[PDB]
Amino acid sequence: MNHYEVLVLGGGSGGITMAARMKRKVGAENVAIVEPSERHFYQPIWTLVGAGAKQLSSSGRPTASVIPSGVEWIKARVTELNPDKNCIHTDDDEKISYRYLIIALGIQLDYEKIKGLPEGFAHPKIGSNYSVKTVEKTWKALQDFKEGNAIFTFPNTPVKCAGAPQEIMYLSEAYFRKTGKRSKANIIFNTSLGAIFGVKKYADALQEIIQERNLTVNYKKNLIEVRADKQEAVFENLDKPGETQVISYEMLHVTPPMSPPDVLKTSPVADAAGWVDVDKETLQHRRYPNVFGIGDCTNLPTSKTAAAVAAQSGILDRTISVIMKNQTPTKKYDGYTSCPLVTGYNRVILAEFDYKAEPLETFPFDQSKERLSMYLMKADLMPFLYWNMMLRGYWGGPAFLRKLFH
């Protein structure tokens, strides 16, 4: 069997970041990354791409260019995990064993659970910022909008970046105003959830925006079907089983149902729901002590964000090092996570919070207010620091800077 001291499953945000940290602990030649995709994306940029404010090209880099130098890149798809014999399988029929395993497989997009998708993306007026293949379609639908309903969906599953499904609504609302066609747009947010946001301090701020900008939010309404032919969308009422609603749209933004990667759903490393089953403090696996998880694929009960990944990477780095000395971990993850909500082409509400769903703000001023400073940070600073600091393993939590500023 091909073998590595540290095997990283997934070459996305968590995988690359952990690979860089592990290169410095065990040496590059002793780390491998299993990743089939040729390109690595900073997916937060896609919110602004779908709003015409950023280029798709700028959100990605070739996977080969972010692989830490000297780390082995296995360009393949994991097809099975056998933790009881410390090995995995790839779709090349290659078997790889490990001393330590880091699982960073992200979350899976399930557009096809929506009837009429993804076939319907071949038609105009429908987009989705959650995929490289549909994010630009959001912008074209926003551009080509003339009159009617502008509908935005939130599915009945876990999601990554719970703020992005509505960020694009606020940007869409602002685009209509600057283009003079706000009068002609009826803006609808049909969300499976019962609340606009899970943290009150920020839910309150967004509700103020919903009121002042004439937005309609229908709660517990989930998209089940798209008739891209007829520009019709069917929504189910989760509170009244059986009841469905057909509504026309002049533009529709779809947030797809999402699930654990297929390979994990049936794996011994998953919990009953398919997520990597790890200690919520240390990120060591609950049942396989040489297995670790990070990012969207875990059952860490916090919002699945890249900011969360960075905080987790600092914790996991310390967990693994301590276990390699057969000591007990002491540093505990607090559920830190962050959704910088873009509320317009020049404003961001920087939501930061923790396992308790209470604010945990880095800056001493009130981040529930729309701010230009926070827009610039997200749109211009954070991508630079992602490629050049986070992916090299030198960005953990902002806890350091939060306590500096008191």
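Note that residue numbering follows the sequence shown and begins at 1.
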145 to 153 set against 104 to 112, stretch whose average Cα temperature factor tops the other in the entry: 145 to 153
Between the two ranges 241 to 249 and 75 to 83, the one averaging a larger CA B factor in the entry: 241 to 249
Selection from 367, 43, 337, 65 [criterion: highest C-alpha temperature factor in the record]: 367
Top Cα B factor in the deposited entry, candidates 215, 161, 300, 254: 215
For residue 31, the third of its chain into which the C-alpha B factor falls: lowest
Residue 89 - Cα temperature factor, lowest/middle/highest third of chain: middle
B-factor third for the C-alpha atom of residue 137 within its chain: middle
Third of the chain's Cα B-factor distribution that residue 209 belongs to, per the entry: highest
Residue 11 CA temperature factor, ranked by third within the chain: lowest
